């Protein structure tokens, strides 16, 4: 029921660049403390600039390490959250950075690539924009690949429970996807780690499956985090997913006993469609 390129796409960079037909392509890498990996990621994409890709920015989500200077040294334009929308104070979390990035870019197509990937293939951006440029009716392109414990224990079982029409999607929370600016500026942006599951469910409720494609990116690798930082990610994924399914969420943060106690933040506050800022 869901368009799925299962094996390596066949289009070439010149074919895809032809099919642009006046549309522009923006690439955004959100970065919070990724000095180790940001340079390899930028370098996998920058060859495409002025060709297929018209714009590449690194949205610096508050990095205190060498992310900014290493990204500058790789030729990337670096935008802080403040610089993307200065009149609006900054909130924490990933969803904030991706929402803000819509103001700092202008491509008709926006591509999101996580800045914590290790040895990312240089055909990621070409593989993601493929269905947008060639397919008709595609507005969102998620990716799948190949670890994935929030996805496989939280997101996918919960979608099976509440939005079973999205059971065919293989990586709902994937950080690598592309979508049209029209779609992105229409949708609200969940906070924190809810942003991906939120844009998936919202796109489906607004356009159905036939506007959603997914593409195989081979196999991936990234930081594999501690189980506790996943508890908080899981919580925010649940919070967002319940909201889009009309289920009230208590707003209570996950408390963990390490034994010593600590409560993690969870946000129920979405950012509005970027359209309202026109």
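Rigid core (definition): largest C-alpha set, two forms, superposition within 1.5 Å. Positions refer to the first chain, counted from 1.
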query: RMS Cα shift after core superposition in 8 other deposited structures of this protein, winner of 266-274 and 5-13; finding: 5-13
query: Residue 259 preceded by how many uncoordinated deposited residues after residue 258; finding: 4 to 9
query: Gap size, residue 147 back to residue 146 (deposited sequence, no coordinates); finding: 10 or more
query: Of 216-224 and 57-65, the stretch whose C-alpha atoms average the higher B-factor in the entry; finding: 216-224
query: 29-37 versus 226-234 - which carries the larger mean C-alpha B factor in the record; finding: 226-234
query: Out of 133, 155, 161, 190, residue topping the C-alpha B-factor column of the entry; finding: 133
query: Residue of maximum C-alpha B factor among 198, 95, 137, 75, per deposited coordinates; finding: 137
query: Modelled-residue ranking by C-alpha temperature factor, third containing residue 126; finding: highest
query: Where the record places residue 239 (Cα B-factor, split into thirds across the chain); finding: lowest
query: Chain third (lowest, middle, highest) by recorded CA B-factor, residue given as residue 274; finding: lowest
query: CA B-factor ranking of residue 106, expressed as a third of its chain; finding: middle
query: Lowest, middle or highest third - CA B-factor, residue 249; finding: lowest
